[PDB]
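For reference, the structure is listed below as structure tokens.
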Amino acid sequence: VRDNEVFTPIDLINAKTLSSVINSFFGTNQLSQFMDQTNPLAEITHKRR
DNA sequence: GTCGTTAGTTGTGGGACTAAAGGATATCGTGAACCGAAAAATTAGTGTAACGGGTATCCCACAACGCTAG
């Protein structure tokens with residue numbers, strides 16, 4: 001869309017379009033699970049599931 | 001030789017899948033410019049004090065006797 005010479009590779013980039021995907025993965029994916037934090041064994045088992 | 005009929009597929013579509021507890025999520029991409037609407041803030045303008053009688057009420061104090069003679 002840009003034809004003016006006043007445009008640099010900073011104005012071209014949106015952080016939102018990457019942060020959105022990463023936050024969606026870490027907040028709503030079935031594999032991003034609430035850790036079993038009852039005891040150390042629960043953590044060490046959940047991390048090896 | 002040709003056309004309707006019947007039964008047995010065959011592919012495709014619609015409908016089921018305990019009970020109890022619990023129950024947190026994250027959610028892009030951008031084009032400009034002017035006009036209208038109403039909701040809000042700022043500004044401009046007017047003011048009493050005691051007196052006469054007469055009488056309604058209040059608080060505040062006091063009274064509500066006893067004896068003798070014609």
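Taking only Cα atoms of chain A, what ratio of Rg to Rh do you get with Rh as the Kirkwood inverse-distance radius?
That ratio is 1.39, to two decimals.
Rounded to the nearest 10 degrees, what's the angle between the helix A:16-28 long axis and the longest principal axis of chain A, both from Cα atoms, 0 to 90?
For A:16-28 against chain A, the angle is about 10 degrees.
Relative to the present Cα-Cα distance, how much length would full extension add between residue A:23 and residue A:8 at 0.36 nm per residue of separation?
2.7 nm
Where a number appears in this text, it was derived from the coordinates with a stated rule and is not lab data.
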